[PDB]
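This is what each chain is made of:
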Amino acid sequence: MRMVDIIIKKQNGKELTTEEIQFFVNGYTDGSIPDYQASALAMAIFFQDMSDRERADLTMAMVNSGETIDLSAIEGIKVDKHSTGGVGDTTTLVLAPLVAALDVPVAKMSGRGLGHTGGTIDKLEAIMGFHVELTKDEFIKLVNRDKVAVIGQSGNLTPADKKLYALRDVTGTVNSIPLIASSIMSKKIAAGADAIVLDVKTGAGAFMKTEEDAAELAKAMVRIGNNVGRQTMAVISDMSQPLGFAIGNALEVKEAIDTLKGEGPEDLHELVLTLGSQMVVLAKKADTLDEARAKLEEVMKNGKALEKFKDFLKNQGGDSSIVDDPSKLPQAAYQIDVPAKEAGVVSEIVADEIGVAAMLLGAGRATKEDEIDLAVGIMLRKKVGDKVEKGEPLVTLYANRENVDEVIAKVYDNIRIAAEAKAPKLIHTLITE
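Criteria and thresholds
Residues numbered from 1 in each chain as written, not as in the entry; some residues may be left out. Heavy atoms only, no water. Helix = DSSP H or I, 4+ residues; strand = E, 2+ residues; numbered from the N terminus. Rg over C-alpha atoms; globule rule 2.2 N^0.38 Å. Buried < 20%, exposed > 50% of the residue type's maximum accessible area, 1.4 Å probe, protein only. Contact = heavy atoms within 4.5 Å. Areas by Shrake-Rupley, 256 points an atom, 1.4 Å probe, with all protein chains shown as cover. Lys, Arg positive; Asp, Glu negative; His and termini not counted. Charge placed at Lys NZ, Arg CZ, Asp CG, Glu CD. Domains from an automatic or database assignment. Salt bridge = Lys/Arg side-chain N within 4 Å of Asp/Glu carboxyl O. Axes fitted to C-alpha atoms, helices over the stretch in contact; angles between N-to-C directions. Parallel < 35°, antiparallel > 145°, perpendicular 65-115°, else oblique. Nonpolar A, V, L, I, M, F, W, Y, C, P; charged D, E, K, R; others polar. Core = buried A, V, L, I, M, F, W, Y, C linked by side-chain atoms within 4.5 Å. Pairing = 2+ DSSP bridges. Expected span 1.5 Å × (residues − 1). Patch = residues over 30% accessible without salt bridge, like charges linked within 9 Å, V, L, I, M, F, W, Y side chains within 5 Å. UniProt positions renumbered as here; feature names shortened; annotations may be inferred.

Engineer: Got a sec to walk through the overall build of the protein? Specific residues and values, please.
Structural biologist: Per the secondary structure count, the protein includes 16 helices and 13 strands. What you see for the protein is a C-alpha radius of gyration of 22 Å, in line with the 22 Å of a compact globule of 433 residues. Taking the principal axes of the C-alpha coordinates as reference, the protein spans close to 70 × 50 × 40 Å. Here the protein holds 433 residues, and 54% of them are scored as buried. The long-range share in the protein, meaning contacts at least 24 apart out of those at least 6 apart in sequence, stands at 77%. On the protein, roughly 18400 Å² of surface is accessible, and the fraction owed to carbon and sulfur atoms is 48%. The averaged location of the 66 negative side-chain charges in the protein is 2 Å from the averaged location of its 50 positive side-chain charges.

Engineer: Any chance you could break down the domain arrangement of the protein for me, citing the residues and the numbers?
Structural biologist: Entries for the protein in the domain assignment read domain 1 (1–68), domain 2 (69–330 + 424–433) and domain 3 (331–423). Here the C-alpha centre of domain 2 lies 30 Å away from the C-alpha centre of domain 1. With 26 residues of domain 1 at the contact, the number on the domain 2 side is 32 residues. Here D52 ties to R223 by a salt bridge, and the two come within 2.7 Å at their closest N and O atoms.

Engineer: Which residues make up the packing of helix α5 (residues 91–100) against helix α14 (residues 304–315), and what are the values?
Structural biologist: Two numbers describe how α5 lies on α14: the axes approach to 8 Å, and their chain directions differ by 110°. Overall, the two elements α5 and α14 adopt an arrangement that is roughly perpendicular. Here α5 contributes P97, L98 and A100 to the contact with α14, which in turn contributes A305, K308 and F309. When grouped by side-chain class, the residues that make up the contact of α5 with α14 number five nonpolar, no polar and one charged.

Engineer: Describe the nonpolar core, naming the residues involved and giving the relevant values.
Structural biologist: One finds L98, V99, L124, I127, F130, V280 and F309 to be the most contacted residues of the largest nonpolar core, which totals 56 residues. With nine residues, the top contributor of residues to this core is helix α12 (residues 266–282). Apart from the residues within four sequence positions on either side, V280 is in contact with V99, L102, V104, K285, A286, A292 and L296.

Engineer: Report on the pairing of strand β8 (residues 344–349), specifying residues and quantitative values.
Structural biologist: Both β8 and strand β10 (residues 387–388) contribute to a ladder of two bridges, which runs antiparallel. Pairing of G344 across the sheet is with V388, part of β10. Both β8 and strand β12 (residues 415–418) contribute to a ladder of four bridges, which runs antiparallel. Bridge pairing in β12 links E348 to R416.

Engineer: Talk me through helix α4 (residues 52–63); I want residue IDs and the actual numbers.
Structural biologist: For α4, which comprises twelve residues, the first-to-last C-alpha distance of 16 Å matches the rise-based estimate of 16 Å (1.5 Å per residue) to within 8%. The buried fraction of α4 is high, at nine of twelve residues. Every buried residue of α4 is listed here: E54, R55, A56, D57, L58, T59, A61, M62 and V63. Elements in contact with the buried residues of α4: α1 (2–11), α2 (18–29), α8 (159–169), α9 (177–190) and α10 (211–227).

Engineer: Kindly report on the pairing of strand β1 (residues 79–83), identifying the contributing residues and their values.
Structural biologist: Within β1, five of the five residues are buried, leaving the element largely enclosed by the surrounding structure. Residues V79, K81 and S83 line one face of β1 and the alternating positions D80 and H82 line the opposite face, and both faces are buried. Two elements, β1 and strand β4 (residues 195–202), share five bridges in a ladder whose sense is parallel. Residue pairing in the sheet places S83 in a bridge with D199 of β4.

Engineer: Describe the sheet that holds β10, with residues and values.
Structural biologist: Neighbouring strands of a sheet are bound in pairs by backbone hydrogen bonds; such pairs are parallel or else antiparallel. If you walk across this open sheet you meet the three strands as β10-β8-β12, and the pairing is antiparallel. Among the strands making up the open sheet, the edge pair consists of β10 and β12.

Engineer: Could you give an account of a negative patch on the surface, naming the residues involved and the relevant values?
Structural biologist: A surface patch of like charges, here negative, comprises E211, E212, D213 and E216. Considering the arrangement of structural elements, one finds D213 in helix α10. Take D213: its relative accessible area is 34%, and that puts it in the partly exposed class.

Engineer: Kindly report on the UniProt feature "binding site: K(+)" in the protein, identifying the contributing residues and their values.
Structural biologist: Here, the residues flagged by UniProt with the feature "binding site: K(+)" are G88, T90, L243, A246 and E255. The greatest C-alpha distance among the residues just named is 11.1 Å, despite their covering 168 residues of sequence, which places them together in space. Looking at the element boundaries, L243 is found in the loop between β5 (232–238) and β6 (246–248). Given the relative accessible area of 1%, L243 is considered buried. Within the secondary structure layout, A246 lies in strand β6. Apart from residues lying up to four places away in sequence, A246 is in contact with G88, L251, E252, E255, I378 and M379.

Engineer: Lay out the pattern of salt bridges in plain terms, naming residues and giving numbers.
Structural biologist: Inspection of every chain in the model, using the stated rule, returns 24 salt bridges. Linking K9 and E20 is a salt bridge whose minimum nitrogen-to-oxygen distance equals 2.9 Å. A residue pair is termed long-range when its members are at least 10 positions apart, and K9 in helix α1 and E20 in helix α2 qualify at eleven residues. The class for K9 is partly exposed, based on a relative accessible area of 25%. Two residues, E270 and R293, come together in a salt bridge whose shortest N-O distance is 3.3 Å. With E270 in helix α12 and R293 in helix α13 (residues 289–301), this residue pair connects regions lying 23 residues apart in the sequence. Judged by its relative accessible area of 30%, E270 is partly exposed. Look at the salt bridges and you will find they share partners, linking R112, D122, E125 and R365 into a network.

This is the structure we're talking about:
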């Protein structure tokens, strides 16, 4: 009857105690509390909300529901980035050597999984020889020595969040700030982060549609982090169009190398500097965000970020010479320009659908077992706001296949041309405290 009293307490607008929240999480996790009571509680939470203390308690109970990662043998303050991510987002690829070049320790755990493109592992494996088979001890020593390493992440983290999120998805209770914010924060805390940088996407197609909605979620997650002793900062950035030009795996390694040299697309340059600035301050490698940006800009210009990327590849078996000559990367058999049928200004690129078209070329997994061709993908040749003439290529498709008509039709259906267009501002808001 204890769960029923907990439901009624939340139903009545009361705060749940620390005891009650832990009882619920641990009993739901071990199967003693049934799905139907958890869904009832989640719906009562959807309506009644949770205080900051309840949100912190729920976050940490989910952290403590399964295995946790202890990174304390890695010297320094380990900052991790959570992004809901988006098409063309190379920030993780760029950020790891970029901030490591400032001695920010990057103890990166990632995987593969589904999506429109590969995971970080898939993208890094486009480099020949690169592999993630490290013991924890090797992983610790590589970060301590070179300040960057990647190991495959554990699959036994926050089992309570995996259960609860799946339940929320089939009961109409995803869209609750306390539930979203504790879900995201608990995964990063259980992974051993000392501090956390949030990239909260907003705009057309994103989960948070408005800057105001995204800011509300970011502030809730920042409050949780500070309440549980893991200092947290957020960037609210626009995802209405894909980031950069390259959409794929090897194509994004190639573009990331441009960004690491201080060149490459303007938007990813600005987002990487903005996110990296917060990481550098949180790790206590610069005193202000302006100073952190200056230091990041400088390791871009003097080539130390690129040098860090070479060391990182070399330490885990990859052919580092590909940084100096990215044509060594996997190339696709066919390169097909998709010419614009109309003249004007590119007014919309439906980012999620361009991602699907990339996947339909073989760039990501729709189902769990699918194979990824790391050479295929899409190069955007225009972004929102760019002028375009009839016949001028909108995108270039990189394919291992002769016929891509379905991919062509999807590109055309999801890129609009108007007489006038203005891209959204990329960086909407920063939450630094």
